[PDB]
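> What shape does this take:
(one chain, ligands or ions: 3)
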Amino acid sequence: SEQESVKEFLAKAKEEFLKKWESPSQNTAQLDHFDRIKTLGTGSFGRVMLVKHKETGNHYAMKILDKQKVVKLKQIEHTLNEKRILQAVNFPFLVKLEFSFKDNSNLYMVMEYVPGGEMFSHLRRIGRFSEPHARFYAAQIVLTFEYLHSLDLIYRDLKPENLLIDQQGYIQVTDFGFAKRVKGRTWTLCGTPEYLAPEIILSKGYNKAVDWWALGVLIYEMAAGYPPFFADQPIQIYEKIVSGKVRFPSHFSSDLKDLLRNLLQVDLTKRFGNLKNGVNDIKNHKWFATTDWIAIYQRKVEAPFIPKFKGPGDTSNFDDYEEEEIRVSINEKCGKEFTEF
Ligand SMILES: Clc1ccc(-c2nnc([C@H]3CCNC3)o2)cc1
Ligand SMILES: Clc1ccc(-c2nnc([C@H]3CCNC3)o2)cc1
Ligand SMILES: Clc1ccc(-c2nnc([C@H]3CCNC3)o2)cc1
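Numbering: from 1, shown residues only. Ligands and ions are numbered 1, 2, ... in the order given. What follows is the structure:
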């Protein structure tokens, strides 16, 4: 079936992941080693801030999570998943975690800063991506899932806001807050409504097939400019998702429609990526006939566009948020819950 070079690559990738997975790094910097520059984005339990390391001058994106808000939102296991996975993975299209640490109030994950901004911004600015442009990004996600799934990891948060565009025009995936190592099935209701597979919505035990469904949603959104299932109320979105009905814009190629019908298959036992040939059904589909998979992996293909930015500390591709304190309490909070962080 697969070439021995590919099998050996993935076998070594798993060996290296498991060594770090079984002995995670902890406490590799502290807050006063950095200067704060700007808030790059916010969220329910945390935010991401551009920082500069005071000794080296290097820029980083620091994700800050409030321990008490994490406990209240029942995200303890998820935050521990995120840091433990990020410190163990290594792949060209994943954001690199450089440091992690905690204090009395917060958990900190310090990643290399990617100045080009989120794919979401670029997609909304241009309207929609041409099929070659969408296919260049989709190929990178296919390889990333091939890697992650071979490590028994499910990603569970694919969407344009989590795909950063780097200085070469390639993707780096960020936010592993829903990622998890899974042996067979898992059961948590999590994700963004527009991207949820039917089996998540229906409260079933599910597997890596949910990532391949989300790839179908992403490719549709890149090529159309909007996602296939949307509405004002989540329950209305869920009803569309489970119905098995998708309408395609007339400008979609026949090959694109065919691939999407096989990724957006409501029956998970019939969905591309989850059949006997696994990822190969996707890589060998006609829509990818022009893709040089090794060249993509090696970053040898010229990108469709390079983001405009002035230097490693430029924030122009991210937007403006109210600047709030990073307060650290005099007393430790939730120490027992986060001992492993
Ligand atoms: Cl997901 C993924 C699966 C397999 C490979 C792979 N198989 N052989 C290689 C060689 C050629 C380039 N340098 C190592 O890479 C890469 C990514
Ligand atoms: Cl409610 C709950 C459900 C599952 C787990 C769990 N699954 N694997 C683990 C590892 C890492 C931390 N300790 C052992 O914990 C913890 C709490
Ligand atoms: Cl390297 C890097 C640079 C920026 C970010 C980032 N900025 N905002 C976010 C959140 C909120 C919206 N989407 C996820 O993440 C993460 C990593």
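> Which positions in the chain make contact with ligand 1?
Counting by CB under 6 Å from any ligand atom, the chain comes close to ligand 1 at 5-6, 9-10, 143, 146-147, 294, 297-298. Yep, even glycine has a C-beta here, placed from its N, CA and C like the rest.
> mind redoing it with 8 Å?
3, 5-6, 8-10, 13, 91, 143-144, 146-147, 150, 293-294, 297-298 (CB under 8 Å from any ligand atom).
> Can you tell me which of the residues you listed are classed as buried?
Using 16 or more other CB atoms under 10 Å as the burial test, the residues of the chain next to ligand 1 include 10, 13, 91, 143-144, 146-147, 150, 297 as buried.
> Dump the residues you listed into CSV; add secondary structure and distance to residue 321 as well.
Formatted as CSV, these follow (DSSP: H, G, I helix; E, B strand; the rest coil; distance: CB to CB, whole Å):
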residue, secondary structure, distance to residue 321
10, helix, 40
13, helix, 36
91, coil, 29
143, helix, 33
144, helix, 28
146, helix, 35
147, helix, 32
150, helix, 37
297, helix, 35
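> Just flag the most distant two among the residues you listed.
Farthest-apart pair in these is 150 and 297; separation 13.9 Å (CB to CB).
> What count of nearby residues applies to the nearest residue to residue 175 once chain neighbours are set aside?
What sits nearest to residue 175 in space, not counting adjacent residues and going by CB to CB, 6 or more residues apart in numbering, is residue 162, at 4.8 Å. Residue 162: 22 surrounding residues under other CB atoms under 10 Å.
> same question, residue 335
Burial measure for residue 335: 11 neighbouring residues, criterion other CB under 10 Å.
> Residue 76 too?
A count of neighbours around residue 76, defined by other CB under 10 Å, yields 15.
> Spit out the contact partners of the residue lying closest to it once chain neighbours are set aside.
When the adjacent residues along the chain are set aside, residue 76 lies closest to residue 337, with 5.4 Å between them (CB to CB, 6+ apart). Contacts for residue 337 (CB atoms under 8 Å, 6 or more residues apart in numbering) come out as 67, 71, 76.
> what do you get if the cut-off is 10 Å, keeping everything else the same?
67-68, 70-71, 76-77, 79-80 (CB atoms under 10 Å, 6 or more residues apart in numbering).
> Generate a PyMOL selection restricted to the buried entries among the residues you listed.
Those of these that meet the burial criterion (16+ other CB under 10 Å) are gathered into one PyMOL selection, given here:
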select buried, resi 67+70+71+79+80
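> Could you check how far residue 61 is from residue 40?
Counting by CB to CB, to the nearest Å, the gap from residue 61 to residue 40 is 6 Å.
> what do the two both touch?
Joint contacts of residue 61 and residue 40 (CB under 10 Å, 6+ apart) are 48-50, 113, 318.
> The residue nearest to residue 175 contacts residue 120, correct?
Yes - with contacts defined as CB atoms under 10 Å, residue 162 counts as touching residue 120 at a distance of 8.6 Å.
> Nearest to ligand 3: which residue in the chain?
Residue of the chain nearest ligand 3, by CB to the nearest ligand atom: residue 41 (2.5 Å).
> residues contacting the closest residue to that residue other than its chain neighbours?
Leaving aside its sequence neighbours, residue 41 sits nearest to residue 48 (CB to CB, 6+ apart; 4.9 Å). For residue 48, the contact set (CB under 10 Å, 6+ apart) comprises 38-42, 61-64, 109, 111, 113, 174-175, 318, 321.
> Now with 6 Å, please.
40-41, 61, 63 (CB atoms under 6 Å, 6 or more residues apart in numbering).
> now it, which residues is it bridged with?
residue 41, residue 63 (DSSP bridges).
> With residue 59 instead?
Counting by DSSP bridges, residue 59 is bridged to residue 52.
> what residues are up against it?
Contacts for residue 59 (CB under 6 Å, 6+ apart) come out as 52, 113, 312-313.
> Give me the buried entries from those residues.
52, 113.
> Inside strands: which ones of the contacts of residue 59?
residue 52 (DSSP state E).
> Tell me how far residue 99 lies from residue 238.
39 Å.
> three-state assignment of the residue nearest to residue 76?
Following DSSP: H, G, I helix; E, B strand; the rest coil, residue 337 is assigned to coil.
> Alpha carbons only: can I get stretch 109-119 in PDB?
Only the C-alpha atoms of stretch 109-119 are listed here, as PDB (Å, rounded to 0.1, in the frame of the first residue of the first chain):
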ATOM      1  CA  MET A 109       2.000  29.000  26.800                       C
ATOM      2  CA  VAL A 110       4.600  31.000  24.900                       C
ATOM      3  CA  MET A 111       4.700  30.200  21.100                       C
ATOM      4  CA  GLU A 112       6.800  31.500  18.200                       C
ATOM      5  CA  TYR A 113       5.000  34.600  16.900                       C
ATOM      6  CA  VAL A 114       3.600  34.300  13.300                       C
ATOM      7  CA  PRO A 115       3.100  37.900  12.000                       C
ATOM      8  CA  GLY A 116       1.000  37.200   8.900                       C
ATOM      9  CA  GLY A 117      -2.300  37.000  10.800                       C
ATOM     10  CA  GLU A 118      -5.200  34.500  10.700                       C
ATOM     11  CA  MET A 119      -6.400  33.000   7.400                       C
END
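> Fine by me, thanks again.
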